[PDB]
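Text of final36.cif (mmCIF, C-alpha atoms and all ligand atoms) as supplied:
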```
data_query
loop_
_atom_site.group_PDB
_atom_site.id
_atom_site.type_symbol
_atom_site.label_atom_id
_atom_site.label_comp_id
_atom_site.auth_asym_id
_atom_site.auth_seq_id
_atom_site.Cartn_x
_atom_site.Cartn_y
_atom_site.Cartn_z
ATOM 1 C CA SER A 3 2.651 15.052 9.062
ATOM 2 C CA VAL A 4 2.117 18.448 10.703
ATOM 3 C CA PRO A 5 4.413 19.882 13.423
ATOM 4 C CA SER A 6 2.676 20.843 16.637
ATOM 5 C CA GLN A 7 1.855 24.508 17.190
ATOM 6 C CA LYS A 8 0.749 24.186 20.821
ATOM 7 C CA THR A 9 2.092 26.958 23.046
ATOM 8 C CA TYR A 10 4.330 25.432 25.708
ATOM 9 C CA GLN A 11 6.368 27.549 28.097
ATOM 10 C CA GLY A 12 8.091 24.500 29.602
ATOM 11 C CA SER A 13 10.475 24.402 32.546
ATOM 12 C CA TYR A 14 12.283 27.603 31.557
ATOM 13 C CA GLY A 15 9.235 29.809 30.981
ATOM 14 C CA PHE A 16 9.975 30.252 27.289
ATOM 15 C CA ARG A 17 7.974 32.787 25.281
ATOM 16 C CA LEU A 18 8.431 35.290 22.454
ATOM 17 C CA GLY A 19 8.262 39.064 22.506
ATOM 18 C CA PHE A 20 7.870 41.722 19.839
ATOM 19 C CA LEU A 21 8.758 45.389 19.508
ATOM 20 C CA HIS A 22 6.076 48.098 19.292
ATOM 21 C CA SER A 23 6.794 49.410 15.806
ATOM 22 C CA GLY A 24 3.452 51.062 14.980
ATOM 23 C CA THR A 25 1.563 51.117 11.687
ATOM 24 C CA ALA A 26 2.963 54.117 9.799
ATOM 25 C CA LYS A 27 3.351 53.760 6.036
ATOM 26 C CA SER A 28 7.144 53.683 6.459
ATOM 27 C CA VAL A 29 7.171 50.696 8.843
ATOM 28 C CA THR A 30 8.865 47.555 7.467
ATOM 29 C CA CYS A 31 7.972 45.086 10.246
ATOM 30 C CA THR A 32 5.139 45.349 12.746
ATOM 31 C CA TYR A 33 3.507 42.927 15.164
ATOM 32 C CA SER A 34 -0.191 42.805 16.064
ATOM 33 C CA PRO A 35 -0.860 41.322 19.524
ATOM 34 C CA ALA A 36 -4.601 41.272 18.835
ATOM 35 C CA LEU A 37 -4.077 39.075 15.761
ATOM 36 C CA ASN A 38 -0.888 37.340 17.013
ATOM 37 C CA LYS A 39 0.406 38.219 13.573
ATOM 38 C CA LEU A 40 3.650 39.710 12.256
ATOM 39 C CA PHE A 41 3.454 41.912 9.140
ATOM 40 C CA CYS A 42 6.708 42.440 7.277
ATOM 41 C CA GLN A 43 8.185 43.428 3.938
ATOM 42 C CA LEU A 44 10.162 41.003 1.805
ATOM 43 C CA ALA A 45 13.635 40.156 3.152
ATOM 44 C CA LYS A 46 13.512 42.873 5.816
ATOM 45 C CA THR A 47 14.749 42.437 9.382
ATOM 46 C CA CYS A 48 12.164 40.972 11.772
ATOM 47 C CA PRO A 49 13.358 41.226 15.393
ATOM 48 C CA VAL A 50 11.875 38.495 17.573
ATOM 49 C CA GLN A 51 12.644 38.519 21.289
ATOM 50 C CA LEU A 52 13.218 35.369 23.324
ATOM 51 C CA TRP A 53 12.225 35.548 26.986
ATOM 52 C CA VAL A 54 12.870 32.945 29.684
ATOM 53 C CA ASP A 55 12.273 32.824 33.436
ATOM 54 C CA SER A 56 15.444 30.800 34.021
ATOM 55 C CA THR A 57 18.514 30.086 31.933
ATOM 56 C CA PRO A 58 18.349 26.868 29.874
ATOM 57 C CA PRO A 59 21.375 24.533 29.754
ATOM 58 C CA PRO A 60 24.377 25.153 27.496
ATOM 59 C CA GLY A 61 23.642 23.639 24.106
ATOM 60 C CA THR A 62 19.974 24.673 24.080
ATOM 61 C CA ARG A 63 18.910 25.859 20.613
ATOM 62 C CA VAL A 64 16.089 27.858 19.029
ATOM 63 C CA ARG A 65 14.439 26.610 15.825
ATOM 64 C CA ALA A 66 12.087 28.428 13.446
ATOM 65 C CA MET A 67 9.803 26.660 10.968
ATOM 66 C CA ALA A 68 6.863 27.807 8.827
ATOM 67 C CA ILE A 69 3.633 25.864 8.258
ATOM 68 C CA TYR A 70 0.413 26.765 6.480
ATOM 69 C CA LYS A 71 -2.246 27.968 8.907
ATOM 70 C CA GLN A 72 -5.303 26.616 7.073
ATOM 71 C CA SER A 73 -6.408 23.051 7.808
ATOM 72 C CA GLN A 74 -6.562 22.113 4.113
ATOM 73 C CA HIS A 75 -2.929 23.161 3.510
ATOM 74 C CA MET A 76 -1.131 22.193 6.740
ATOM 75 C CA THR A 77 0.477 19.127 5.169
ATOM 76 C CA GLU A 78 2.164 21.091 2.345
ATOM 77 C CA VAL A 79 5.797 22.117 2.866
ATOM 78 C CA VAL A 80 6.191 25.904 3.004
ATOM 79 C CA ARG A 81 8.968 26.890 0.585
ATOM 80 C CA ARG A 82 10.071 29.764 -1.593
ATOM 81 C CA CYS A 83 8.262 30.144 -4.908
ATOM 82 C CA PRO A 84 9.805 29.121 -8.265
ATOM 83 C CA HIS A 85 10.950 32.706 -8.847
ATOM 84 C CA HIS A 86 12.567 33.539 -5.519
ATOM 85 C CA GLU A 87 14.252 30.162 -5.067
ATOM 86 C CA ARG A 88 16.251 31.057 -8.194
ATOM 87 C CA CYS A 89 17.138 34.582 -7.066
ATOM 88 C CA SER A 90 20.768 35.537 -6.624
ATOM 89 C CA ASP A 91 20.136 36.587 -3.021
ATOM 90 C CA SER A 92 22.142 33.864 -1.269
ATOM 91 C CA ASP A 93 23.678 34.824 2.069
ATOM 92 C CA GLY A 94 26.272 32.046 1.836
ATOM 93 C CA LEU A 95 24.467 29.850 4.363
ATOM 94 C CA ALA A 96 20.717 29.600 3.772
ATOM 95 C CA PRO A 97 19.632 27.167 1.047
ATOM 96 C CA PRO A 98 17.825 29.102 -1.690
ATOM 97 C CA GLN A 99 14.594 27.137 -1.115
ATOM 98 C CA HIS A 100 14.187 28.235 2.527
ATOM 99 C CA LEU A 101 11.565 30.872 3.324
ATOM 100 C CA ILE A 102 12.962 31.786 6.779
ATOM 101 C CA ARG A 103 16.536 32.970 7.281
ATOM 102 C CA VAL A 104 18.393 34.127 10.368
ATOM 103 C CA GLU A 105 20.279 37.367 9.762
ATOM 104 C CA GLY A 106 23.808 37.952 11.082
ATOM 105 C CA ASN A 107 24.440 34.706 12.971
ATOM 106 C CA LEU A 108 27.302 32.568 11.666
ATOM 107 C CA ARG A 109 26.166 29.660 13.866
ATOM 108 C CA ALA A 110 22.784 29.406 12.150
ATOM 109 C CA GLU A 111 22.132 25.964 10.694
ATOM 110 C CA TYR A 112 19.563 25.117 8.044
ATOM 111 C CA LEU A 113 17.773 21.775 8.060
ATOM 112 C CA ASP A 114 16.021 19.895 5.262
ATOM 113 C CA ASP A 115 14.164 17.224 7.231
ATOM 114 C CA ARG A 116 14.932 13.845 5.665
ATOM 115 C CA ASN A 117 11.445 12.488 6.493
ATOM 116 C CA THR A 118 9.023 15.432 6.323
ATOM 117 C CA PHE A 119 11.047 17.534 3.834
ATOM 118 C CA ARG A 120 10.208 20.604 5.912
ATOM 119 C CA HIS A 121 12.702 23.451 6.232
ATOM 120 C CA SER A 122 13.888 25.060 9.436
ATOM 121 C CA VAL A 123 16.669 27.291 10.723
ATOM 122 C CA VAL A 124 18.195 26.799 14.177
ATOM 123 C CA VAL A 125 20.636 28.855 16.268
ATOM 124 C CA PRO A 126 22.210 28.396 19.710
ATOM 125 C CA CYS A 127 20.189 29.941 22.538
ATOM 126 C CA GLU A 128 22.280 32.763 23.940
ATOM 127 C CA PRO A 129 21.837 34.405 27.348
ATOM 128 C CA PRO A 130 20.943 38.101 27.380
ATOM 129 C CA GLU A 131 24.101 40.138 27.381
ATOM 130 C CA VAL A 132 25.013 42.387 30.310
ATOM 131 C CA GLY A 133 22.304 44.999 30.749
ATOM 132 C CA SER A 134 19.550 43.368 28.692
ATOM 133 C CA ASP A 135 16.742 41.102 29.876
ATOM 134 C CA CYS A 136 16.082 39.151 26.669
ATOM 135 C CA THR A 137 17.812 37.989 23.525
ATOM 136 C CA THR A 138 16.756 38.934 19.995
ATOM 137 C CA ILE A 139 16.909 36.851 16.828
ATOM 138 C CA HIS A 140 16.678 38.707 13.511
ATOM 139 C CA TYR A 141 14.609 36.771 10.971
ATOM 140 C CA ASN A 142 14.054 37.401 7.257
ATOM 141 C CA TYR A 143 11.131 36.093 5.192
ATOM 142 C CA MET A 144 12.296 35.585 1.609
ATOM 143 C CA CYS A 145 8.989 35.348 -0.324
ATOM 144 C CA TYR A 146 5.767 37.312 -0.360
ATOM 145 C CA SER A 147 2.601 35.733 1.017
ATOM 146 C CA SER A 148 1.152 36.353 -2.460
ATOM 147 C CA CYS A 149 3.917 34.620 -4.465
ATOM 148 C CA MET A 150 2.432 32.391 -7.156
ATOM 149 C CA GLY A 151 3.649 28.821 -6.996
ATOM 150 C CA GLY A 152 4.725 29.489 -3.402
ATOM 151 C CA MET A 153 2.566 30.617 -0.500
ATOM 152 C CA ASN A 154 0.018 31.717 -3.135
ATOM 153 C CA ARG A 155 -1.855 34.057 -0.727
ATOM 154 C CA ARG A 156 -2.212 31.337 1.944
ATOM 155 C CA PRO A 157 -1.438 32.488 5.503
ATOM 156 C CA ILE A 158 1.435 30.842 7.347
ATOM 157 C CA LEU A 159 2.463 30.441 10.965
ATOM 158 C CA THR A 160 6.023 30.567 12.241
ATOM 159 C CA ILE A 161 6.666 28.030 15.014
ATOM 160 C CA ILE A 162 9.579 28.827 17.328
ATOM 161 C CA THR A 163 10.810 25.883 19.396
ATOM 162 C CA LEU A 164 13.305 25.822 22.237
ATOM 163 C CA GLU A 165 15.208 22.524 21.978
ATOM 164 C CA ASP A 166 17.851 20.692 23.931
ATOM 165 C CA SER A 167 21.068 19.580 22.259
ATOM 166 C CA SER A 168 19.353 16.416 20.911
ATOM 167 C CA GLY A 169 16.450 18.368 19.424
ATOM 168 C CA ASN A 170 13.955 17.398 22.136
ATOM 169 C CA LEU A 171 11.216 19.900 22.922
ATOM 170 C CA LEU A 172 11.787 22.371 25.766
ATOM 171 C CA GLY A 173 9.319 25.118 24.807
ATOM 172 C CA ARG A 174 7.183 26.332 21.933
ATOM 173 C CA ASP A 175 5.563 29.566 20.739
ATOM 174 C CA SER A 176 4.123 30.702 17.410
ATOM 175 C CA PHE A 177 2.732 33.615 15.414
ATOM 176 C CA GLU A 178 1.044 34.175 12.073
ATOM 177 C CA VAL A 179 3.068 35.953 9.361
ATOM 178 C CA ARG A 180 2.017 38.045 6.374
ATOM 179 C CA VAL A 181 4.864 39.065 4.058
ATOM 180 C CA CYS A 182 3.553 42.038 2.110
ATOM 181 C CA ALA A 183 4.437 45.359 0.485
ATOM 182 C CA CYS A 184 2.567 47.480 3.069
ATOM 183 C CA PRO A 185 2.775 45.975 6.582
ATOM 184 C CA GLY A 186 1.532 49.094 8.364
ATOM 185 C CA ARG A 187 -1.568 49.493 6.208
ATOM 186 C CA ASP A 188 -2.342 45.774 6.264
ATOM 187 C CA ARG A 189 -2.011 45.559 10.047
ATOM 188 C CA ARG A 190 -4.381 48.525 10.353
ATOM 189 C CA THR A 191 -6.855 46.916 7.940
ATOM 190 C CA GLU A 192 -6.837 43.509 9.604
ATOM 191 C CA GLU A 193 -7.141 44.956 13.120
ATOM 192 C CA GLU A 194 -10.123 46.961 11.875
ATOM 193 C CA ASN A 195 -11.666 43.844 10.319
ATOM 194 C CA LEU A 196 -11.206 42.079 13.664
ATOM 195 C CA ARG A 197 -12.857 44.960 15.534
ATOM 196 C CA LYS A 198 -15.835 44.824 13.154
ATOM 197 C CA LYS A 199 -16.206 41.038 13.474
HETATM 198 ZN ZN ZN A 201 8.418 34.344 -3.982
#
```
Show me the file's structure as C-alpha cells.
Amino acid sequence: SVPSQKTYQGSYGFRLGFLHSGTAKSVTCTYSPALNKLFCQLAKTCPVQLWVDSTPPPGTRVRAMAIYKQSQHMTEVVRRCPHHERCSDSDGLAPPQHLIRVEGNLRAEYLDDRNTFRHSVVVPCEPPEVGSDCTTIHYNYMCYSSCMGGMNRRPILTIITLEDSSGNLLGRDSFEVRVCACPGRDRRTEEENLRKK
C-alpha cells in the first residue's frame, strides 16, 4: 500500500515551514517553494519548521516517512542503499536501514512497520519555547538520491504527519527531496527548468 500524501491542516492548523537559505555553492540545505522541494547534501542538517494555529494536546507526535514520488515506484519501500546501510555511521538510535534520521532528539523513535515494512521516525510535538513562534526538527537524509541499489535517481517525497498518542492522523504536509552533492546549483537548475516549462 501507499501512505497518503494529501495536505491536511486539521484542527490545529498544522503546516511546515522552511528557512530561506539561498542557492550559493556553499549551501548545504535549501528549500524551493516553487518546486516544493528540499535540496540537501548527504547527512547534513535539514531544519524543518512546524507551525500550528493552536497547541495540540500533550502526547501529540510528529512522524516523517519517505515514499517514491513516481506512480510506478510508490509501492516500493524507500531505504538506504546496500552501501550506506552498512556504513559505520550509526547514531546509537536510528536503524542503519533508515533513510531519514532526526538529529539531536533523544526521544526520537524509529519504526519498522510490521505490515508495510516502511520506515519512519517520530518525535514528541513540542511547543515553541519562550520567544519563538514555531518549533524546528532537524532531519538528516542518509543516502544520495543517486545511490545505486537504493533510491537509484528516483525522486522521493517526505511526508510529515501530526499524530495523536494512538497514531491517528491530526495533520499532514509533504515536500519533495533531492539528496545531492550540489544543492544550490541543482535548485537553481530545476527552478530554471520550471521557468522554461
Ligand atoms: Zn546510499
Which residues of chain A have any atom within 12 Å of an atom in ligand ZN 201 (chain A) when counting all atoms listed in the file, and what is the closest pair of atoms for each, with the distance in Å to one decimal? Order the rows by chain and rising number and write it as a tab-separated table.
```
residue	atom	partner	partner_atom	distance
A:44	CA	A:ZN201	ZN	9.0
A:45	CA	A:ZN201	ZN	10.6
A:80	CA	A:ZN201	ZN	11.2
A:81	CA	A:ZN201	ZN	8.8
A:82	CA	A:ZN201	ZN	5.4
A:83	CA	A:ZN201	ZN	4.3
A:84	CA	A:ZN201	ZN	6.9
A:85	CA	A:ZN201	ZN	5.7
A:86	CA	A:ZN201	ZN	4.5
A:87	CA	A:ZN201	ZN	7.3
A:88	CA	A:ZN201	ZN	9.5
A:89	CA	A:ZN201	ZN	9.3
A:91	CA	A:ZN201	ZN	12.0
A:98	CA	A:ZN201	ZN	11.0
A:99	CA	A:ZN201	ZN	9.9
A:100	CA	A:ZN201	ZN	10.6
A:101	CA	A:ZN201	ZN	8.7
A:102	CA	A:ZN201	ZN	12.0
A:143	CA	A:ZN201	ZN	9.7
A:144	CA	A:ZN201	ZN	6.9
A:145	CA	A:ZN201	ZN	3.8
A:146	CA	A:ZN201	ZN	5.4
A:147	CA	A:ZN201	ZN	7.8
A:148	CA	A:ZN201	ZN	7.7
A:149	CA	A:ZN201	ZN	4.5
A:150	CA	A:ZN201	ZN	7.1
A:151	CA	A:ZN201	ZN	7.9
A:152	CA	A:ZN201	ZN	6.1
A:153	CA	A:ZN201	ZN	7.8
A:154	CA	A:ZN201	ZN	8.8
A:155	CA	A:ZN201	ZN	10.8
A:181	CA	A:ZN201	ZN	10.0
A:182	CA	A:ZN201	ZN	11.0
```
> Can you tell me, as a list in words, what residues are no more than 10 Å from residue 59 in chain A when counting all atoms listed in the file, ignoring any on the same chain fewer than 6 positions away?
Replying inline: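 Selected residues are residues 14, 127, 166 and 167 of chain A.
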> Separation of CA of residue 191 in chain A and CA of residue 157 in chain A, in Å?
Replying inline: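 Result for CA of residue 191 in chain A versus CA of residue 157 in chain A: 15.6 Å, one decimal.
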> Looking at only C-alpha atoms, which of A:95, A:21, A:42, A:4 is the one that sits closest to residue 184 in chain A?
Replying inline: A:42
Which neighbours of residue 58 in chain A fall inside 12 Å, counting all atoms listed in the file, when residues of the same chain fewer than 2 positions from it are skipped, and could you give them as a short mmCIF file (atom, residue, chain, number, x, y, z; two decimals) with C-alpha atoms, in the coordinates of the input?
```cif
data_model
loop_
_atom_site.label_atom_id
_atom_site.label_comp_id
_atom_site.auth_asym_id
_atom_site.auth_seq_id
_atom_site.Cartn_x
_atom_site.Cartn_y
_atom_site.Cartn_z
CA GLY A 12 8.09 24.50 29.60
CA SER A 13 10.48 24.40 32.55
CA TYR A 14 12.28 27.60 31.56
CA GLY A 15 9.24 29.81 30.98
CA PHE A 16 9.98 30.25 27.29
CA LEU A 52 13.22 35.37 23.32
CA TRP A 53 12.22 35.55 26.99
CA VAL A 54 12.87 32.94 29.68
CA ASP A 55 12.27 32.82 33.44
CA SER A 56 15.44 30.80 34.02
CA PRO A 60 24.38 25.15 27.50
CA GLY A 61 23.64 23.64 24.11
CA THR A 62 19.97 24.67 24.08
CA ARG A 63 18.91 25.86 20.61
CA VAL A 64 16.09 27.86 19.03
CA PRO A 126 22.21 28.40 19.71
CA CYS A 127 20.19 29.94 22.54
CA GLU A 128 22.28 32.76 23.94
CA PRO A 129 21.84 34.40 27.35
CA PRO A 130 20.94 38.10 27.38
CA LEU A 164 13.30 25.82 22.24
CA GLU A 165 15.21 22.52 21.98
CA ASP A 166 17.85 20.69 23.93
CA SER A 167 21.07 19.58 22.26
CA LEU A 172 11.79 22.37 25.77
CA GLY A 173 9.32 25.12 24.81
#
```
>> Would you compute the distance between CA of residue 177 in chain A and CA of residue 160 in chain A? Give it in Å to one decimal.
In response: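 So the two atoms, CA of residue 177 in chain A and CA of residue 160 in chain A, lie 5.5 Å apart.
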> Rounded to one decimal in Å, what is the spacing between CA of residue 110 in chain A and CA of residue 20 in chain A?
Replying inline: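 Atom-to-atom, CA of residue 110 in chain A to CA of residue 20 in chain A, that is 20.8 Å.
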>> Just checking: using only C-alpha atoms, which residue out of A:9, A:32, A:3, A:74 ends up closest to residue 190 in chain A?
In response: A:32
> Nearest to residue 66 in chain A among A:119, A:33, A:112, A:10, with distances taken over all atoms listed in the file: which residue is it?
Replying inline: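 Counting all atoms listed in the file, the residue closest to residue 66 in chain A is A:112.
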>> If we draw a sphere of 12 Å around (-3.5, 39.9, 20.4), which residues have at least one atom in it when counting all atoms listed in the file? Please report them as a ChimeraX atom specification.
In response: /A:19-20,33-40,177-178,189,192-193,196-197
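The closest residue to residue 29 in chain A, picked from A:195, A:138, A:43, A:71 and counting all atoms listed in the file, is A:43.
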> Using all atoms listed in the file, which of A:175, A:168, A:142, A:11 sits nearest residue 41 in chain A?
Replying inline: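 Smallest distance to residue 41 in chain A is found for A:142.
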Output as AutoDock Vina command-line options the centre and edge lengths (Å, one decimal) of the box along x, y and z of the file that holds every listed atom of range 42-46 of chain A after adding 5 Å on each side.
```
--center_x 10.2 --center_y 41.8 --center_z 4.5 --size_x 16.9 --size_y 13.3 --size_z 15.5
```
>> the PyMOL selection byres (((chain A and resi 120-123) around 6) and not hetatm) - which residues does that actually catch in the file I just gave you? List them as a PyMOL selection string.
In response: chain A and resi 65-67+79+111-115+118-119+124
>> With distances taken over only C-alpha atoms, which residue among A:107, A:137, A:6, A:25 lies nearest residue 77 in chain A?
In response: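 The shortest atom-to-atom distance to residue 77 in chain A comes from A:6.
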Can you put N, CA, C and O atoms back into range 125-144 of chain A and show it as a PDB file, keeping the file's coordinate frame?
```
ATOM      1  N   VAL A 125      19.470  28.154  15.731  1.00  0.00           N
ATOM      2  CA  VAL A 125      20.636  28.855  16.268  1.00  0.00           C
ATOM      3  C   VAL A 125      20.806  28.468  17.730  1.00  0.00           C
ATOM      4  O   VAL A 125      19.840  28.070  18.401  1.00  0.00           O
ATOM      5  N   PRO A 126      22.020  28.597  18.264  1.00  0.00           N
ATOM      6  CA  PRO A 126      22.210  28.396  19.710  1.00  0.00           C
ATOM      7  C   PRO A 126      21.436  29.436  20.509  1.00  0.00           C
ATOM      8  O   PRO A 126      21.352  30.601  20.117  1.00  0.00           O
ATOM      9  N   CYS A 127      20.857  29.006  21.634  1.00  0.00           N
ATOM     10  CA  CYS A 127      20.189  29.941  22.538  1.00  0.00           C
ATOM     11  C   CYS A 127      21.262  30.693  23.312  1.00  0.00           C
ATOM     12  O   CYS A 127      22.101  30.072  23.971  1.00  0.00           O
ATOM     13  N   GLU A 128      21.260  32.022  23.214  1.00  0.00           N
ATOM     14  CA  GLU A 128      22.280  32.763  23.940  1.00  0.00           C
ATOM     15  C   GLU A 128      21.657  33.521  25.106  1.00  0.00           C
ATOM     16  O   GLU A 128      20.532  34.021  24.993  1.00  0.00           O
ATOM     17  N   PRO A 129      22.358  33.613  26.237  1.00  0.00           N
ATOM     18  CA  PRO A 129      21.837  34.405  27.348  1.00  0.00           C
ATOM     19  C   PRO A 129      21.801  35.873  26.978  1.00  0.00           C
ATOM     20  O   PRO A 129      22.578  36.332  26.121  1.00  0.00           O
ATOM     21  N   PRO A 130      20.896  36.651  27.573  1.00  0.00           N
ATOM     22  CA  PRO A 130      20.943  38.101  27.380  1.00  0.00           C
ATOM     23  C   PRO A 130      22.309  38.630  27.784  1.00  0.00           C
ATOM     24  O   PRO A 130      22.897  38.187  28.773  1.00  0.00           O
ATOM     25  N   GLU A 131      22.829  39.560  26.995  1.00  0.00           N
ATOM     26  CA  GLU A 131      24.101  40.138  27.381  1.00  0.00           C
ATOM     27  C   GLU A 131      23.891  41.193  28.457  1.00  0.00           C
ATOM     28  O   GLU A 131      22.785  41.710  28.655  1.00  0.00           O
ATOM     29  N   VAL A 132      24.984  41.491  29.160  1.00  0.00           N
ATOM     30  CA  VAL A 132      25.013  42.387  30.310  1.00  0.00           C
ATOM     31  C   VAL A 132      24.179  43.633  30.055  1.00  0.00           C
ATOM     32  O   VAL A 132      24.417  44.372  29.092  1.00  0.00           O
ATOM     33  N   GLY A 133      23.184  43.860  30.907  1.00  0.00           N
ATOM     34  CA  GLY A 133      22.304  44.999  30.749  1.00  0.00           C
ATOM     35  C   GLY A 133      20.910  44.619  30.295  1.00  0.00           C
ATOM     36  O   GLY A 133      19.922  45.115  30.843  1.00  0.00           O
ATOM     37  N   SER A 134      20.818  43.731  29.307  1.00  0.00           N
ATOM     38  CA  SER A 134      19.550  43.368  28.692  1.00  0.00           C
ATOM     39  C   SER A 134      18.860  42.242  29.459  1.00  0.00           C
ATOM     40  O   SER A 134      19.472  41.518  30.249  1.00  0.00           O
ATOM     41  N   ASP A 135      17.562  42.098  29.205  1.00  0.00           N
ATOM     42  CA  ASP A 135      16.742  41.102  29.876  1.00  0.00           C
ATOM     43  C   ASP A 135      16.208  40.039  28.930  1.00  0.00           C
ATOM     44  O   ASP A 135      15.540  39.101  29.381  1.00  0.00           O
ATOM     45  N   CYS A 136      16.484  40.156  27.635  1.00  0.00           N
ATOM     46  CA  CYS A 136      16.082  39.151  26.669  1.00  0.00           C
ATOM     47  C   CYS A 136      17.154  39.067  25.600  1.00  0.00           C
ATOM     48  O   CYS A 136      18.108  39.845  25.582  1.00  0.00           O
ATOM     49  N   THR A 137      16.996  38.097  24.718  1.00  0.00           N
ATOM     50  CA  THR A 137      17.812  37.989  23.525  1.00  0.00           C
ATOM     51  C   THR A 137      16.917  38.209  22.313  1.00  0.00           C
ATOM     52  O   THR A 137      15.704  37.994  22.376  1.00  0.00           O
ATOM     53  N   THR A 138      17.508  38.666  21.212  1.00  0.00           N
ATOM     54  CA  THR A 138      16.756  38.934  19.995  1.00  0.00           C
ATOM     55  C   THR A 138      17.361  38.134  18.854  1.00  0.00           C
ATOM     56  O   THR A 138      18.587  38.099  18.696  1.00  0.00           O
ATOM     57  N   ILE A 139      16.511  37.468  18.089  1.00  0.00           N
ATOM     58  CA  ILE A 139      16.909  36.851  16.828  1.00  0.00           C
ATOM     59  C   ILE A 139      16.346  37.712  15.705  1.00  0.00           C
ATOM     60  O   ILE A 139      15.214  38.196  15.796  1.00  0.00           O
ATOM     61  N   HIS A 140      17.129  37.910  14.647  1.00  0.00           N
ATOM     62  CA  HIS A 140      16.678  38.707  13.511  1.00  0.00           C
ATOM     63  C   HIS A 140      16.345  37.756  12.372  1.00  0.00           C
ATOM     64  O   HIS A 140      17.240  37.125  11.807  1.00  0.00           O
ATOM     65  N   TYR A 141      15.059  37.635  12.055  1.00  0.00           N
ATOM     66  CA  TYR A 141      14.609  36.771  10.971  1.00  0.00           C
ATOM     67  C   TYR A 141      14.341  37.563   9.693  1.00  0.00           C
ATOM     68  O   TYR A 141      14.036  38.757   9.728  1.00  0.00           O
ATOM     69  N   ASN A 142      14.494  36.889   8.552  1.00  0.00           N
ATOM     70  CA  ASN A 142      14.054  37.401   7.257  1.00  0.00           C
ATOM     71  C   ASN A 142      13.087  36.408   6.629  1.00  0.00           C
ATOM     72  O   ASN A 142      13.318  35.192   6.680  1.00  0.00           O
ATOM     73  N   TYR A 143      12.032  36.917   5.999  1.00  0.00           N
ATOM     74  CA  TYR A 143      11.131  36.093   5.192  1.00  0.00           C
ATOM     75  C   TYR A 143      11.369  36.419   3.722  1.00  0.00           C
ATOM     76  O   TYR A 143      11.286  37.586   3.323  1.00  0.00           O
ATOM     77  N   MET A 144      11.686  35.393   2.923  1.00  0.00           N
ATOM     78  CA  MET A 144      12.296  35.585   1.609  1.00  0.00           C
ATOM     79  C   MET A 144      11.325  35.388   0.435  1.00  0.00           C
ATOM     80  O   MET A 144      11.772  35.260  -0.717  1.00  0.00           O
TER      81      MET A 144
END
```
